[PDB]
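Undergrad: Next comes query28.tsv, TSV, C-alpha atoms:
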```
chain	number	residue	atom	x	y	z
F	1	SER	CA	0.00	0.00	0.00
F	2	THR	CA	0.87	3.68	-0.25
F	3	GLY	CA	-0.55	7.02	0.81
F	4	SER	CA	-0.11	10.58	-0.46
F	5	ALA	CA	-1.45	13.73	1.22
F	6	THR	CA	-0.97	17.42	0.63
F	7	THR	CA	0.40	19.51	3.48
F	8	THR	CA	-0.41	23.24	3.61
F	9	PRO	CA	1.18	26.15	5.52
F	10	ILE	CA	-1.05	27.51	8.30
F	11	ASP	CA	-0.09	31.14	7.64
F	12	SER	CA	1.94	33.43	5.38
F	13	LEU	CA	5.18	32.69	7.28
F	14	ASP	CA	5.09	28.88	7.05
F	15	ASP	CA	4.95	28.71	10.86
F	16	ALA	CA	3.67	25.14	10.57
F	17	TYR	CA	2.04	22.82	8.04
F	18	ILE	CA	-1.27	20.96	8.35
F	19	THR	CA	-2.30	17.75	6.65
F	20	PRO	CA	-5.85	16.34	6.56
F	21	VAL	CA	-6.31	13.03	8.41
F	22	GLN	CA	-9.42	10.83	8.45
F	23	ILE	CA	-10.29	9.37	11.87
F	24	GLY	CA	-13.11	6.99	12.71
F	25	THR	CA	-16.24	5.69	11.00
F	26	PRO	CA	-17.80	7.60	9.37
F	27	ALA	CA	-14.65	9.62	8.78
F	28	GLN	CA	-13.96	12.72	10.87
F	29	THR	CA	-11.35	14.83	9.05
F	30	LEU	CA	-8.94	16.77	11.27
F	31	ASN	CA	-5.99	18.87	10.12
F	32	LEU	CA	-2.91	17.61	11.96
F	33	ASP	CA	0.65	18.87	12.29
F	34	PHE	CA	2.89	16.01	11.12
F	35	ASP	CA	5.84	16.02	13.50
F	36	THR	CA	8.99	13.94	12.88
F	37	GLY	CA	10.25	15.15	16.27
F	38	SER	CA	7.61	13.42	18.43
F	39	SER	CA	5.69	10.16	18.55
F	40	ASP	CA	2.13	10.83	19.75
F	41	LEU	CA	-0.95	11.16	17.54
F	42	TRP	CA	-3.21	13.42	19.61
F	43	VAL	CA	-6.30	15.43	18.78
F	44	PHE	CA	-8.61	18.09	20.05
F	45	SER	CA	-11.75	16.20	21.03
F	46	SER	CA	-15.17	16.21	22.63
F	47	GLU	CA	-13.26	15.60	25.88
F	48	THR	CA	-11.10	18.75	25.64
F	49	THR	CA	-11.82	21.35	28.33
F	50	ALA	CA	-14.28	23.69	26.62
F	51	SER	CA	-12.46	26.90	27.56
F	52	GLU	CA	-9.34	25.52	25.86
F	53	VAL	CA	-11.01	25.00	22.47
F	54	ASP	CA	-11.14	28.03	20.13
F	55	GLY	CA	-12.00	27.18	16.54
F	56	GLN	CA	-10.38	23.74	16.21
F	57	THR	CA	-12.19	20.80	14.69
F	58	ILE	CA	-12.71	18.09	17.31
F	59	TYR	CA	-12.73	14.29	17.21
F	60	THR	CA	-15.85	12.86	18.88
F	61	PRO	CA	-15.21	9.18	19.60
F	62	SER	CA	-18.84	8.52	20.59
F	63	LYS	CA	-19.79	9.23	16.96
F	64	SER	CA	-17.30	6.68	15.57
F	65	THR	CA	-18.52	3.07	15.32
F	66	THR	CA	-14.91	1.84	15.25
F	67	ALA	CA	-13.66	3.81	18.28
F	68	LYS	CA	-12.78	1.86	21.41
F	69	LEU	CA	-11.54	3.25	24.72
F	70	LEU	CA	-8.04	1.98	25.48
F	71	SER	CA	-8.91	1.30	29.08
F	72	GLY	CA	-6.63	2.82	31.70
F	73	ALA	CA	-4.32	4.49	29.19
F	74	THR	CA	-3.26	8.11	29.64
F	75	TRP	CA	-0.77	10.40	27.92
F	76	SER	CA	1.02	13.65	28.66
F	77	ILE	CA	3.53	15.48	26.47
F	78	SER	CA	5.67	18.62	26.51
F	79	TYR	CA	7.30	20.11	23.42
F	80	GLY	CA	10.46	22.14	22.79
F	81	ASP	CA	8.53	25.40	22.67
F	82	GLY	CA	7.11	24.78	26.15
F	83	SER	CA	3.63	23.83	24.93
F	84	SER	CA	1.88	20.73	26.30
F	85	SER	CA	-1.21	18.53	26.22
F	86	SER	CA	-2.59	15.45	27.97
F	87	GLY	CA	-5.57	13.14	28.08
F	88	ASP	CA	-6.82	9.59	27.55
F	89	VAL	CA	-6.68	7.18	24.59
F	90	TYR	CA	-8.92	5.50	22.03
F	91	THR	CA	-8.07	3.12	19.25
F	92	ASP	CA	-9.72	3.85	15.90
F	93	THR	CA	-9.22	3.66	12.15
F	94	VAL	CA	-6.92	6.39	10.81
F	95	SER	CA	-6.28	7.16	7.14
F	96	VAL	CA	-3.75	9.51	5.56
F	97	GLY	CA	-3.90	10.18	1.85
F	98	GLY	CA	-5.57	6.84	1.14
F	99	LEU	CA	-3.40	4.75	3.49
F	100	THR	CA	-5.44	3.15	6.30
F	101	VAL	CA	-4.34	1.84	9.69
F	102	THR	CA	-6.82	0.02	11.90
F	103	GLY	CA	-6.36	0.02	15.69
F	104	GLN	CA	-4.28	3.22	15.72
F	105	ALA	CA	-3.91	4.85	19.14
F	106	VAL	CA	-5.68	8.22	18.92
F	107	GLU	CA	-4.81	10.25	21.99
F	108	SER	CA	-7.74	12.43	23.02
F	109	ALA	CA	-6.83	15.73	24.70
F	110	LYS	CA	-8.49	16.61	27.96
F	111	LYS	CA	-6.15	19.59	28.44
F	112	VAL	CA	-4.03	21.66	26.04
F	113	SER	CA	-1.79	24.64	26.78
F	114	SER	CA	-2.48	28.17	25.63
F	115	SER	CA	-0.42	28.10	22.44
F	116	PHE	CA	-2.49	25.18	21.16
F	117	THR	CA	-5.77	26.89	22.05
F	118	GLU	CA	-4.59	30.03	20.28
F	119	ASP	CA	-3.74	28.14	17.10
F	120	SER	CA	-7.15	27.60	15.55
F	121	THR	CA	-5.68	25.94	12.44
F	122	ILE	CA	-4.03	22.96	14.19
F	123	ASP	CA	-6.43	20.22	15.31
F	124	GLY	CA	-3.67	18.03	16.78
F	125	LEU	CA	-0.33	16.38	16.02
F	126	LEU	CA	0.67	13.21	14.21
F	127	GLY	CA	4.05	12.05	15.48
F	128	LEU	CA	6.53	10.43	13.12
F	129	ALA	CA	9.62	9.99	15.31
F	130	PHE	CA	10.40	6.54	16.76
F	131	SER	CA	7.74	4.84	18.87
F	132	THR	CA	10.13	4.64	21.83
F	133	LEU	CA	9.22	8.32	22.51
F	134	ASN	CA	5.45	7.69	22.65
F	135	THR	CA	4.08	8.93	25.98
F	136	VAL	CA	1.12	6.58	26.49
F	137	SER	CA	1.12	4.86	29.88
F	138	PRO	CA	1.10	2.11	31.07
F	139	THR	CA	1.30	0.54	27.59
F	140	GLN	CA	3.37	2.53	25.08
F	141	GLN	CA	1.75	2.87	21.66
F	142	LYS	CA	3.08	2.80	18.10
F	143	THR	CA	3.10	5.70	15.64
F	144	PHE	CA	0.97	5.73	12.51
F	145	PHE	CA	4.09	5.00	10.42
F	146	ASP	CA	5.19	2.13	12.65
F	147	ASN	CA	1.72	0.56	12.38
F	148	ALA	CA	1.57	1.08	8.59
F	149	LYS	CA	5.11	-0.08	7.87
F	150	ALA	CA	4.62	-3.77	7.18
F	151	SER	CA	1.83	-3.01	4.71
F	152	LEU	CA	3.73	-0.33	2.80
F	153	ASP	CA	5.30	-1.09	-0.57
F	154	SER	CA	8.58	0.24	0.91
F	155	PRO	CA	9.13	1.11	4.61
F	156	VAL	CA	9.59	4.85	4.02
F	157	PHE	CA	7.85	8.16	4.14
F	158	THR	CA	8.90	11.40	2.48
F	159	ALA	CA	8.51	15.09	3.36
F	160	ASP	CA	8.35	17.63	0.56
F	161	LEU	CA	7.48	20.91	2.27
F	162	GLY	CA	6.74	24.02	0.23
F	163	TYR	CA	8.03	27.55	0.64
F	164	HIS	CA	4.94	29.74	1.00
F	165	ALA	CA	3.09	26.94	-0.83
F	166	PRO	CA	1.62	23.47	-0.28
F	167	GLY	CA	3.73	20.33	-0.36
F	168	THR	CA	3.38	16.60	0.08
F	169	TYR	CA	3.79	13.75	2.56
F	170	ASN	CA	4.07	10.35	0.86
F	171	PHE	CA	4.04	6.96	2.56
F	172	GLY	CA	5.44	3.78	1.08
F	173	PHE	CA	7.09	5.12	-2.10
F	174	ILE	CA	9.62	7.63	-3.40
F	175	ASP	CA	8.24	9.96	-6.07
F	176	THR	CA	11.17	10.21	-8.47
F	177	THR	CA	9.57	13.22	-10.20
F	178	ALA	CA	9.61	15.31	-6.99
F	179	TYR	CA	13.33	16.09	-6.83
F	180	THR	CA	16.31	16.93	-9.02
F	181	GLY	CA	19.57	15.03	-9.19
F	182	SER	CA	20.17	12.16	-6.78
F	183	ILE	CA	19.14	11.47	-3.19
F	184	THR	CA	22.08	11.33	-0.77
F	185	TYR	CA	21.51	9.01	2.16
F	186	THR	CA	23.13	9.47	5.55
F	187	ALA	CA	23.22	7.42	8.77
F	188	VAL	CA	20.65	7.83	11.55
F	189	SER	CA	21.01	7.22	15.27
F	190	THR	CA	17.76	6.20	16.97
F	191	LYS	CA	19.33	6.26	20.46
F	192	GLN	CA	17.35	9.36	21.52
F	193	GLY	CA	14.22	8.37	19.57
F	194	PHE	CA	14.70	10.98	16.84
F	195	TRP	CA	15.71	11.04	13.20
F	196	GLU	CA	19.18	12.08	14.35
F	197	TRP	CA	21.99	12.50	11.82
F	198	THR	CA	25.27	14.37	11.31
F	199	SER	CA	25.60	17.13	8.75
F	200	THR	CA	29.05	17.48	7.21
F	201	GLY	CA	29.22	21.28	7.37
F	202	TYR	CA	27.92	24.59	6.12
F	203	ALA	CA	28.44	27.68	3.98
F	204	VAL	CA	27.06	31.20	4.25
F	205	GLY	CA	26.02	32.81	0.98
F	206	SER	CA	28.70	32.41	-1.69
F	207	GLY	CA	31.32	31.72	0.98
F	208	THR	CA	33.58	28.72	1.24
F	209	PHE	CA	32.23	25.52	2.73
F	210	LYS	CA	33.30	24.76	6.30
F	211	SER	CA	33.72	21.05	6.97
F	212	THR	CA	32.50	20.35	10.49
F	213	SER	CA	30.27	17.67	11.99
F	214	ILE	CA	26.89	18.96	13.18
F	215	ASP	CA	24.72	16.37	14.95
F	216	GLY	CA	21.03	17.23	14.82
F	217	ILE	CA	17.49	16.03	14.20
F	218	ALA	CA	15.23	16.25	11.17
F	219	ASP	CA	12.12	17.78	12.74
F	220	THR	CA	9.12	18.77	10.63
F	221	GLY	CA	7.32	20.02	13.76
F	222	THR	CA	9.92	22.74	14.46
F	223	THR	CA	9.61	25.90	12.36
F	224	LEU	CA	13.20	27.18	12.39
F	225	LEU	CA	16.78	25.98	11.93
F	226	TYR	CA	18.62	25.75	15.28
F	227	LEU	CA	22.40	25.35	15.03
F	228	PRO	CA	25.49	25.93	17.22
F	229	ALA	CA	26.14	29.52	18.26
F	230	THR	CA	29.38	29.61	16.24
F	231	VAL	CA	27.56	28.74	13.00
F	232	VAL	CA	24.65	31.10	13.66
F	233	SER	CA	26.98	34.01	14.49
F	234	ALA	CA	28.87	33.41	11.23
F	235	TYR	CA	25.59	33.58	9.31
F	236	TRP	CA	24.20	36.76	10.90
F	237	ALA	CA	27.55	38.53	10.70
F	238	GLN	CA	26.89	38.73	6.94
F	239	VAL	CA	23.68	40.75	7.44
F	240	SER	CA	24.23	44.45	8.22
F	241	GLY	CA	22.46	45.42	11.42
F	242	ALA	CA	21.57	41.89	12.51
F	243	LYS	CA	21.88	41.18	16.23
F	244	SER	CA	20.76	38.81	18.93
F	245	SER	CA	18.03	40.40	21.02
F	246	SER	CA	17.39	38.87	24.44
F	247	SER	CA	14.11	40.81	24.63
F	248	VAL	CA	12.83	39.28	21.39
F	249	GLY	CA	14.40	35.87	22.06
F	250	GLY	CA	16.94	35.51	19.26
F	251	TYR	CA	18.44	37.03	16.17
F	252	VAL	CA	16.61	39.85	14.43
F	253	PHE	CA	17.61	41.81	11.35
F	254	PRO	CA	16.53	44.96	9.50
F	255	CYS	CA	13.53	44.17	7.33
F	256	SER	CA	15.29	46.18	4.56
F	257	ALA	CA	18.04	43.52	4.29
F	258	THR	CA	18.53	40.98	1.55
F	259	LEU	CA	19.44	37.73	3.31
F	260	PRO	CA	22.24	35.43	2.12
F	261	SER	CA	21.58	31.77	1.47
F	262	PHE	CA	22.69	29.05	3.90
F	263	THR	CA	24.11	25.72	2.70
F	264	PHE	CA	24.26	22.53	4.76
F	265	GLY	CA	26.16	19.35	3.95
F	266	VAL	CA	24.70	15.87	3.59
F	267	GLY	CA	27.71	13.64	3.04
F	268	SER	CA	29.42	15.10	-0.04
F	269	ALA	CA	26.15	16.67	-1.18
F	270	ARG	CA	24.92	20.20	-0.46
F	271	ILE	CA	21.42	21.58	0.24
F	272	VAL	CA	21.02	25.33	-0.33
F	273	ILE	CA	18.45	27.26	1.70
F	274	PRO	CA	17.63	30.49	-0.20
F	275	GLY	CA	17.91	33.69	1.82
F	276	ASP	CA	14.20	34.42	1.54
F	277	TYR	CA	13.40	31.19	3.44
F	278	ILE	CA	15.22	32.69	6.47
F	279	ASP	CA	12.90	35.74	6.73
F	280	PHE	CA	10.14	35.34	9.34
F	281	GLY	CA	8.85	38.86	9.05
F	282	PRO	CA	8.29	41.77	11.44
F	283	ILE	CA	8.65	40.95	15.13
F	284	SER	CA	5.33	42.78	15.69
F	285	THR	CA	2.91	44.37	13.21
F	286	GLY	CA	4.48	47.43	11.59
F	287	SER	CA	7.98	46.86	12.98
F	288	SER	CA	11.03	47.22	10.77
F	289	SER	CA	12.84	44.56	12.83
F	290	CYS	CA	12.39	41.09	11.34
F	291	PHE	CA	12.78	37.69	12.99
F	292	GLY	CA	15.51	35.39	11.73
F	293	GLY	CA	14.94	31.81	10.60
F	294	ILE	CA	18.34	30.55	11.76
F	295	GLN	CA	18.73	30.63	15.56
F	296	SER	CA	21.12	29.31	18.18
F	297	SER	CA	20.57	25.85	19.66
F	298	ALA	CA	22.57	26.80	22.75
F	299	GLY	CA	20.48	25.79	25.74
F	300	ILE	CA	18.16	23.57	23.68
F	301	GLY	CA	20.72	20.82	24.03
F	302	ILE	CA	20.25	19.60	20.46
F	303	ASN	CA	20.57	21.01	16.95
F	304	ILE	CA	17.31	20.99	14.99
F	305	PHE	CA	16.90	20.89	11.22
F	306	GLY	CA	13.37	22.28	11.26
F	307	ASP	CA	11.13	23.42	8.43
F	308	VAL	CA	13.47	26.21	7.28
F	309	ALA	CA	16.03	23.55	6.33
F	310	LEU	CA	13.72	20.70	5.36
F	311	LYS	CA	11.59	22.75	2.96
F	312	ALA	CA	14.73	23.34	0.84
F	313	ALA	CA	14.93	19.58	0.19
F	314	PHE	CA	13.07	16.43	-0.71
F	315	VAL	CA	13.57	14.33	2.44
F	316	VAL	CA	13.32	10.54	2.75
F	317	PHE	CA	12.68	9.05	6.17
F	318	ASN	CA	13.80	5.46	5.59
F	319	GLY	CA	12.40	3.17	8.27
F	320	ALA	CA	14.14	0.00	7.15
F	321	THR	CA	15.71	-2.27	9.79
F	322	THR	CA	18.64	0.15	9.87
F	323	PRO	CA	17.00	3.55	9.39
F	324	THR	CA	18.58	6.27	7.25
F	325	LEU	CA	17.74	9.76	6.01
F	326	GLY	CA	17.93	10.91	2.40
F	327	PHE	CA	18.12	14.46	1.06
F	328	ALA	CA	17.79	15.70	-2.51
F	329	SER	CA	17.58	19.16	-4.00
F	330	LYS	CA	14.31	20.05	-5.73
```
If you convert what's in this file into C-alpha cells, what do you get?
TA:
Amino acid sequence: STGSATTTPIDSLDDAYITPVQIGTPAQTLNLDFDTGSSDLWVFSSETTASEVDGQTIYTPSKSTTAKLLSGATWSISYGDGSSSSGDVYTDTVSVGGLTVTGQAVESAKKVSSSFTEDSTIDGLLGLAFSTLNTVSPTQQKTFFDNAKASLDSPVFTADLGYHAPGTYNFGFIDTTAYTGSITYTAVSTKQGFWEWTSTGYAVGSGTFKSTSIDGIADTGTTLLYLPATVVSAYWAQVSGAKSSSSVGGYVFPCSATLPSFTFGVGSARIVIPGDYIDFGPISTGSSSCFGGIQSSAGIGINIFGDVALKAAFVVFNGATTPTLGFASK
C-alpha cells in the first residue's frame, strides 16, 4: 500500500504545516501537524476542556462506530517550545492520503496549553519519530508510520514541504519526479528516539564551505533551523544590522536587508536554503525589525533541522531495519 497527502502552511510565514487526516467511521477529518520530532498522535476532542477549544475541529469518539476506549491508558507530552497537552486514549481507524491503519492509538486531549488553544488551524499532532518516545502509559503505543510499515510497498515516508506553498507527505514510495539530481543518504542514530543524523558542514552565501560535523534532528514540527552559536553568528555577521536580542528571544535583522543563502552538507552533497526562506517577518505588526529563521541551539541541548532547512529539500525518512535519512535538492 501507499498514501499521499498534501500539506499546507497555516499562515503566510510557514509557521507550521497541516495535513488532513481521516479518523473513525464515518470519517472525521482533522488537520494535523505532522511532526517527525515526536511520537504521539493526539487530537482536540469532545473531551477537551471547553475553555481551551477556540475554533479547532474536534474528534468525537462517541460518533465513531470503530472507536474503542483503550482502558486505563493516559498520555502527557511537553514540546520544545514549552507547549503541552494530555488526556486519555482510544483506538480507531486512521487514514492519511488513502493509506489506512486500523487500531491506531488516537490520543484524546483533555487539556491543552495556551499556544495550542490560540492556534485555531491545528487540530492536533501526528508524530513520526520513533515509537520509543510515545508517551502513552502504562502501555506505550506505536506511531501511525510504525503501524503502517509492514503493509507499505517500501518502509519509508517522504517530506516535501513548500516555501509559501503546499507540499506533500508520501508513505510507502519515493516519487522520483519530486526532486532533481540524486538522493544522498546518511546514517541515523535512533538512540534518543529521533531522526538524528550528522551534517558534514555549512556555507554562508557564496562563501567557502566549512567542513565540520553537526549532529542534529530532522524535525518537521519545528519551524526554524537551530544550530550551534558559532555557525549562527557566522551567518548573521553577513547581514548588516543583525543582532541577537534577548528581549525578542533571538536574532533579528533589519527588514530592509537581503538575506544570504545558507548551505548545509549531507555527506558530499549540499542543500542550499535560499535567503528568503530565512525571513520570518516583522517581530510585531508594523515593525522594521524582522525575525531570523536561523537561531542558536545553545540551551536547547540539540541542533534541529526544522522546516526552514527541510523545505529546501526532498527528504526521505527510511524506516528500514537500519534507518537512514535521504536528502535531494528540488
Undergrad: In Å, how far is it from CA of residue 230 in chain F to CA of residue 199 in chain F?
TA: 15.0 Å
Undergrad: Fewer than 6 positions away in the same chain doesn't count, so skip those; otherwise give me all residues within 10 Å of residue 135 in chain F, counting all atoms listed in the file, as a ChimeraX atom specification.
TA: /F:38-40,74-78,86,107,141
Undergrad: State, in Å with one decimal place, the distance from CA of residue 276 in chain F to CA of residue 251 in chain F.
TA: 15.5 Å
Undergrad: Here's a test: counting all atoms listed in the file, identify every protein, DNA and RNA residue with an atom at most 12 Å from (14.3, 14.8, 16.5) in the file's coordinate frame, and state them as a ChimeraX atom specification.
TA: /F:35-39,79-80,127-130,133,188-197,215-222,226,300-306,317
Undergrad: Which residues are close to residue 182 in chain F, i.e. within 10 Å by only C-alpha atoms, leaving aside same-chain residues fewer than 4 positions away? Reply as a PyMOL selection string.
TA: chain F and resi 176+269+326-330
Undergrad: Determine the nearest neighbour of residue 8 in chain F from the options F:239, F:231, F:122, F:109, counting all atoms listed in the file.
TA: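 Smallest distance to residue 8 in chain F is found for F:122.
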Undergrad: To one decimal place, how far is CA of residue 200 in chain F from CA of residue 228 in chain F in Å?
TA: 13.6 Å
Undergrad: Residue 43 in chain F: which residues within 6 Å, counting all atoms listed in the file, same-chain residues fewer than 2 positions away excluded, as a count of residues only?
TA: 5
Undergrad: Keeping N, CA and C atoms, write range 289-300 of chain F of the structure just shown out as a PDB file, in the first residue's frame.
TA:
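Result written to result.pdb:
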```pdb
ATOM      1  N   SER F 289      11.954  45.631  12.380  1.00  0.00           N
ATOM      2  CA  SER F 289      12.841  44.565  12.835  1.00  0.00           C
ATOM      3  C   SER F 289      12.174  43.240  12.496  1.00  0.00           C
ATOM      4  N   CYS F 290      12.914  42.356  11.827  1.00  0.00           N
ATOM      5  CA  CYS F 290      12.389  41.087  11.338  1.00  0.00           C
ATOM      6  C   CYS F 290      13.026  39.911  12.087  1.00  0.00           C
ATOM      7  N   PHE F 291      12.262  38.844  12.266  1.00  0.00           N
ATOM      8  CA  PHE F 291      12.775  37.686  12.988  1.00  0.00           C
ATOM      9  C   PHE F 291      13.525  36.722  12.080  1.00  0.00           C
ATOM     10  N   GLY F 292      14.698  36.291  12.527  1.00  0.00           N
ATOM     11  CA  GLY F 292      15.508  35.389  11.726  1.00  0.00           C
ATOM     12  C   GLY F 292      15.090  33.926  11.789  1.00  0.00           C
ATOM     13  N   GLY F 293      15.297  33.218  10.682  1.00  0.00           N
ATOM     14  CA  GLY F 293      14.940  31.814  10.601  1.00  0.00           C
ATOM     15  C   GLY F 293      16.016  30.821  10.994  1.00  0.00           C
ATOM     16  N   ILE F 294      17.215  31.336  11.258  1.00  0.00           N
ATOM     17  CA  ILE F 294      18.339  30.554  11.764  1.00  0.00           C
ATOM     18  C   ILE F 294      18.616  31.112  13.155  1.00  0.00           C
ATOM     19  N   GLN F 295      18.608  30.234  14.156  1.00  0.00           N
ATOM     20  CA  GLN F 295      18.734  30.633  15.558  1.00  0.00           C
ATOM     21  C   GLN F 295      19.674  29.691  16.279  1.00  0.00           C
ATOM     22  N   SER F 296      20.213  30.144  17.407  1.00  0.00           N
ATOM     23  CA  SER F 296      21.117  29.307  18.178  1.00  0.00           C
ATOM     24  C   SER F 296      20.405  28.171  18.899  1.00  0.00           C
ATOM     25  N   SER F 297      21.041  26.998  18.893  1.00  0.00           N
ATOM     26  CA  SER F 297      20.574  25.854  19.663  1.00  0.00           C
ATOM     27  C   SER F 297      21.142  25.830  21.073  1.00  0.00           C
ATOM     28  N   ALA F 298      21.938  26.826  21.437  1.00  0.00           N
ATOM     29  CA  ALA F 298      22.572  26.800  22.752  1.00  0.00           C
ATOM     30  C   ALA F 298      21.482  26.813  23.820  1.00  0.00           C
ATOM     31  N   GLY F 299      21.539  25.877  24.750  1.00  0.00           N
ATOM     32  CA  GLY F 299      20.482  25.793  25.738  1.00  0.00           C
ATOM     33  C   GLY F 299      19.224  25.045  25.314  1.00  0.00           C
ATOM     34  N   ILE F 300      19.162  24.564  24.071  1.00  0.00           N
ATOM     35  CA  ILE F 300      18.158  23.566  23.679  1.00  0.00           C
ATOM     36  C   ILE F 300      18.734  22.203  23.983  1.00  0.00           C
TER      37      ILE F 300
END
```
